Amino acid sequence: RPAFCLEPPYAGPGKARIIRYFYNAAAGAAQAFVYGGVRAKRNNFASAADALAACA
């Protein structure tokens, strides 16, 4: 899988409260986190399905 799939989730400095998904390779699972709306990193998906498609 791509290296970015190993990133922990990055909320960023923003104050928005948007649910996004990251791939947790240790658990083999797409997991929800709260994203602040700015400065997204690569392991940041709109849905669990998208995270799994990219990283599973």
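Start at 1 with the first residue shown and count on from there.
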Practice task
Give the position of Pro9 by CA B-factor within its chain, expressed as the lowest, middle or highest third.
Solution key: lowest
Handout entry: Assigned third (lowest, middle, highest) for the C-alpha B factor of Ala16
Key = highest
Handout entry: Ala48 by Cα B-factor - lowest, middle or highest third of the modelled chain
Key = middle
Problem - Position of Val38 among the chain's modelled residues by C-alpha B-factor, lowest, middle or highest third - result: highest
